[PDB]
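Comments concern the structure below.
Number of protein chains: 4
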Amino acid sequence: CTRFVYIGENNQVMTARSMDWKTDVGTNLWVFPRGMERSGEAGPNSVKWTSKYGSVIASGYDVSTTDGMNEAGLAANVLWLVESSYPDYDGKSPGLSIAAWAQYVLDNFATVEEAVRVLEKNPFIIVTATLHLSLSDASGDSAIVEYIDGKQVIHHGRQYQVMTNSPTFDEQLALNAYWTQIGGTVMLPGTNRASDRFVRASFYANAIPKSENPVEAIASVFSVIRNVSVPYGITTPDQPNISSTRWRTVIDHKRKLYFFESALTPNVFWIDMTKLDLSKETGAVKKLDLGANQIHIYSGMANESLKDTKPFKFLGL
Amino acid sequence: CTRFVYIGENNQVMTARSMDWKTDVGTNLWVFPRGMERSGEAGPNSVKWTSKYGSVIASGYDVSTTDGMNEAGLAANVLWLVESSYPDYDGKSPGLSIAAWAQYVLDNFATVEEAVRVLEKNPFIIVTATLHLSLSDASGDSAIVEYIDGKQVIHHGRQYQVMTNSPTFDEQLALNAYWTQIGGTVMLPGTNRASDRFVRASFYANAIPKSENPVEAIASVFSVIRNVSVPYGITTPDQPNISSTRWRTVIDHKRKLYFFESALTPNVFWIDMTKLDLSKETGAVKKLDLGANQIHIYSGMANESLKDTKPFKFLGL
Amino acid sequence: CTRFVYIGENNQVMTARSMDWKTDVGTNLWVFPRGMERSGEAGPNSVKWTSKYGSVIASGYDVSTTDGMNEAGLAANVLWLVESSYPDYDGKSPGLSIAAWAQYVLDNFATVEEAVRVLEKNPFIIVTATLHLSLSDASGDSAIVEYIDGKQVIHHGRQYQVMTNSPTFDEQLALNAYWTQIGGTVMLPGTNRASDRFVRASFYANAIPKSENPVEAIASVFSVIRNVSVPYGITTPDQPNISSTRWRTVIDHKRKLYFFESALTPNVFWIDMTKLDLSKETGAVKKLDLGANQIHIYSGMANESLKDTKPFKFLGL
Amino acid sequence: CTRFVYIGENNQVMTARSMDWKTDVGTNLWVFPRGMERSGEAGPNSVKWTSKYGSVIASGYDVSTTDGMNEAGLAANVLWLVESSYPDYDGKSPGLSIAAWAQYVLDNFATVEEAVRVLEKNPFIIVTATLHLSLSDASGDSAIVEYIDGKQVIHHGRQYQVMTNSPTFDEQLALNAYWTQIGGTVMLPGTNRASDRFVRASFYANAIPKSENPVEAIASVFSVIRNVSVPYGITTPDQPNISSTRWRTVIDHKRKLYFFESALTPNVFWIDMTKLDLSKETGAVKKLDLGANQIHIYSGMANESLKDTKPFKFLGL
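Residue numbers (the working numbering), protein chains in the order written: chain A, 1 to 317; chain B, 1001 to 1317; chain C, 2001 to 2317; chain D, 3001 to 3317.
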């Protein structure tokens, strides 16, 4: 449910995200080394591929990839509670289960441009917790991919630094517009409305110092995504599009770090991709077991708590 | 710089606080068992006392107590950047260095009433960042103690659930007033102005579910104090009363837990007072060394990382 | 319902007011020269007095004085829909019907200080639209007189430039407080809530140029009181304290001009007190007949349309 | 600078407008009967036409038509300080001086649809205060015509009830968007920013009662256009797109009344088109001389103060 990209000097680029949902999302982290053979779980005409890039990802119920980054610095965030209208699936085109959407992207491409160029070819038939896809890279580039009237719609440009789960993206830009005229040190909208979150993220992302110091940038980036999270247990059924923030992620594109934080358990740590073996030859599929509401606590660089496990099967046909 | 008390059912009371300051505050945690003999470090007429309650506290530069709780469930939060006018100190009356103010309170009293009743009768003159004192109890009671026109001024009542560092507390209630007419699901002020923070804290504190489940309450309480923290590195010298949030505390009054979180390092853990030896007979002074910007990471119940250390000397003379 | 004072250089002082009410107020203008003998219409112990200062006033139903000024430059605005608690009237003390309250003040005093000094010592008991009294003078001084818990309460000072007929005056200052921190060119509250009106009036009053040019000042002052009026026919029963603006008044203290404008009829004009005969020796009581909803249109200096009439009898027995 | 259309029952349609500018606009009112032969004052290839419909209009500096209505109920409001990029004028195509733009429209068409169908096919090139054109009808229809990237751009639909001078119209709808989520009785933006004015006008226009009672509707409509006017003398050079409101018009489409009000002089009146002779055979060109800052005061139906005058020459070459 909320995402933004910060761009500092000397390629110090960072993508942060909050997950908002009404319930436990059953998230564990996974490491997938390169050269994995995969199917889109969309019946006999599922798309197939062999991963080119290793990733570290956050699962949706250990049956989907909902967040993550790859060793090339591409980040993917699948946002929940979106206004989608997905296409019908005949069965005759190559199909891709939406649960694997993010994984396909993370496995196959190094940049947002690479990904967008291929996405505009015709092999994006999604199958089908409603979902849209946000992407960012180490160069600071961004894109969002939506389904509106059964059609894939892509916005692509580094100026799209902030994205929310509701409403559609051309609408999000509209709701933000009023606040481009009002200075963010004088007034900001402070509710948990997606528009309000959007505006605060946009203001704070651009106000972060751009000077090279990763510890500082990280500090400022968390503090901002925390600001834009939805407090827990507070929202009422009167506002269906808002949900409590369950967890947060921060992706350090330069240094290849994936930070994770729980709202339900005091639990914050990160995975360092530079110490992972993502090779075909010896790299293992590994899982970090967080447990329900991330009760299993880790801290610092948590790589050593990763355990060899068989990769889960994506949800599909 | 921002503090609020949440009151749930069955004595599930929680006090949360953010520390806002322009720089490192050099904070480490300390455990002080009962029966410690102390001096107020205010020259020959320093007040003296022997602690009646063990505490766990957060230091200011290992030369002051700026935050903490005691085994009876009294909490003390010393807020920074306040509008004070402290009295002059003739050497003649019993004196108390302000660096030990919070400690004196935590050491001597079990409740906010107990503390207010004694402070009313003027047992000392405070001696002298600028600082004011916020207190809360396991019964949900609250008070704030300020110095205005060289005089100790106390507000005392459970209805005073939210306090900021600026301006004076009477003024804080005034700046909040406008927003009592506007529903918090429709609009909230979203900047880092103390008034804005105040208003969001009051709305969210009362919107938290009151149902008995500590893990849920804790989750909702952090998420709210995080919401009212000031994002890191963002504020400019144009607005002198606002400062980046350096860390947060959450005090669980019922279960006697002290949670601590850093903004500069991913570092979150808690101290469980029920597993500490706070006896005069066999209770040691212990310190948890967090290091500059809390670089030393802990997690979960961090009691075992506490180390026997000689207690620091409070600042003043 | 909305009043403000602008203070320019060289004693260019102006008081503006909007009248908000749910229905026709039946207002006509009257001229009362000096030396009129009057009774307070409060039974056998009614206060009695002989006017010292000629006035031009706006009636409430030709049975009360609800607005006006005197030849010395004292202005009185009786605001409607207030939170009053009026005293009981035994019958033993000198009494004054509230319908004549403003008239008594305008007739007897030249300044706000003069008036406050005499009203402090309680020369009468008010006898009972719910009503409170606002005053201003050619020196820029202001006061408001309210009844709270059956007691006369007076606020007196030049700094009280803005008053509403919403909540008690002490509460008005509180609701305004938040907006003293926010620059009025960046954000202002735009609804018809008394607090919102108050805040816009306080900002615009202090932003008007202070350079001596009456035509310009007048233009600015109307434009501001128009801003702060409540649009006609718009308010819903959900907000009982707000009412459509029926008319506006602007008092030029220096030049002794009383401007009047209708919201229900396009009708705007003024009375010039310097061309009226207010002497006891030859001055007549005169009325300008505006009619229901001010259907009788005048323009410019409307003095010539004033007609000799017997003064009305104030309500109350 | 601000315009809106109110639509009541039984064809009770009204267009109101504020004119905002930094200085005197030198406006007088004119009556032009039908059958006037006119040139576009754009050199040898000026467009020519013979008026079909009599109009009453407000001039720019007696050299342009900036506001008005015709006997069929078409209204035209030329807004000032717009973001235009006008086309180059060769000299080869039929040309129309922008000063006569509104007049051409009022003279030739009875409805907004009639006007849009002809303007779509480009009968002329506008020849060139920056100006854009707003139109409304007795049927409640609206359109706005702008020049963006040297191209005529038209928005046409009854939904476009509110228009400002800034920014371009597509951008105006965007800046309004945020406030479609917030109820106008709970919060409205209260500054003089065009967006703020836009939002308040859209809310109040739709909240006006739709009853058939012209005096009431008129009252509400003025009160609203007064609300969205920019107070006089208070804007600073820091905000270049905002200007003091100089005057207002209200057009009663059903009854064919043109109301005019000054901000600089207390002066309000109207022209009744049903009592004008607009025939070619006996109708005279007439002018109502308002004078600098509308110092010449009129009131009520001011028709009798109209004086036979030679029509002015539109600016051009």
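We put the CB at the ideal spot given by N, CA and C, even for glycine.
Three-state secondary structure (DSSP) of residue i
{"i": "residue 1263/B", "result": "coil"}
{"i": "residue 2276/C", "result": "coil"}
{"i": "residue 2214/C", "result": "helix"}
{"i": "residue 3109/D", "result": "coil"}
{"i": "residue 2071/C", "result": "coil"}
{"i": "residue 1180/B", "result": "helix"}
{"i": "residue 3294/D", "result": "helix"}
{"i": "residue 116/A", "result": "helix"}
{"i": "residue 3204/D", "result": "helix"}
Per-residue contacts from residue i into chain B (C-beta, under 7 Å)
{"i": "residue 231/A", "result": "1204, 1220, 1223, 1224, 1227"}
{"i": "residue 190/A", "result": "1188, 1189, 1190, 1196, 1200"}
{"i": "residue 2174/C", "result": "1174, 1177"}
CB contact below 8 Å: residue i versus chain A
{"i": "residue 1055/B", "result": "no"}
{"i": "residue 1216/B", "result": "yes"}
Residue burial classification, residue i (beta-carbon count within 10 angstroms, cutoff 16)
{"i": "residue 3295/D", "result": "exposed"}
{"i": "residue 1292/B", "result": "exposed"}
{"i": "residue 3038/D", "result": "buried"}
{"i": "residue 85/A", "result": "exposed"}
{"i": "residue 3047/D", "result": "buried"}
{"i": "residue 3175/D", "result": "buried"}
{"i": "residue 2127/C", "result": "buried"}
{"i": "residue 2236/C", "result": "exposed"}
{"i": "residue 1239/B", "result": "exposed"}
{"i": "residue 2081/C", "result": "buried"}
{"i": "residue 2005/C", "result": "buried"}
{"i": "residue 3213/D", "result": "exposed"}
{"i": "residue 3122/D", "result": "exposed"}
{"i": "residue 1215/B", "result": "exposed"}
Closer than 8 Å to chain D by CB, residue i
{"i": "residue 1186/B", "result": "yes"}
{"i": "residue 2255/C", "result": "no"}
{"i": "residue 2209/C", "result": "yes"}
{"i": "residue 2098/C", "result": "no"}
Amino acids of chain B, ordered along the chain, whose beta-carbon sits closer than 9 Å to that of residue i
{"i": "residue 3183/D", "result": "1186"}
Partner residues on chain C for residue i, Cβ-Cβ distance less than 9 Å
{"i": "residue 3245/D", "result": "2223"}
Residue-chain proximity (residue i, chain B), Cβ-Cβ < 8 Å
{"i": "residue 299/A", "result": "yes"}
{"i": "residue 2177/C", "result": "yes"}
{"i": "residue 9/A", "result": "no"}
{"i": "residue 263/A", "result": "yes"}
{"i": "residue 376/A", "result": "Since the first residue of chain A shown is 1 and the last is 317, residue 376/A is not available in this structure."}
Per-residue contacts from residue i into chain C (C-beta, under 7 Å)
{"i": "residue 1193/B", "result": "2181"}
{"i": "residue 3109/D", "result": "Neighbours of residue 3109/D on chain C: none; closest Cβ ~29 Å, over 7 Å."}
Contacts of residue i in chain C (Cβ-Cβ under 8 Å)
{"i": "residue 3013/D", "result": "Per Cβ cutoff of 8 Å: no residues; residue 3013/D is ~16 Å from chain C at best."}
Cross-chain neighbours of residue i in chain A, by beta carbon under 8 Å
{"i": "residue 1238/B", "result": "185"}
{"i": "residue 1270/B", "result": "266"}
Minimum Cβ-Cβ distance from residue i to chain C less than 8 Å
{"i": "residue 3234/D", "result": "yes"}
Interface residues of chain A facing residue i [CB-CB closer than 7 Å]
{"i": "residue 1167/B", "result": "Within 7 Å Cβ-Cβ: nothing; residue 1167/B doesn't reach chain A, min ~18 Å."}
Cβ contact (3+ pairs, closer than 8 Å) linking the segment 3232-3248 of chain D and the segment 2252-2270 of chain C = Judged by Cβ distances under 8 Å, the segment 3232-3248 of chain D makes no contact with the segment 2252-2270 of chain C, as fewer than three pairs qualify.
The segment 1300-1313 of chain B / the segment 1058-1075 of chain B touching (three or more Cβ pairs under 8 Å) = yes
**Item:** Touching by the beta-carbon criterion (3+ pairs, under 8 Å), the segment 97-110 of chain A and the segment 61-73 of chain A
**Value:** yes
Inset, instruction - Report yes or no: do the segment 3066-3078 of chain D and the segment 3129-3144 of chain D share at least 3 C-beta pairs separated by less than 8 Å? - result: yes
### Query
For the segment 161-179 of chain A against the segment 190-204 of chain A, are there 3 or more C-beta pairs whose distance is under 8 Å?
A contact exists between the segment 161-179 of chain A and the segment 190-204 of chain A.
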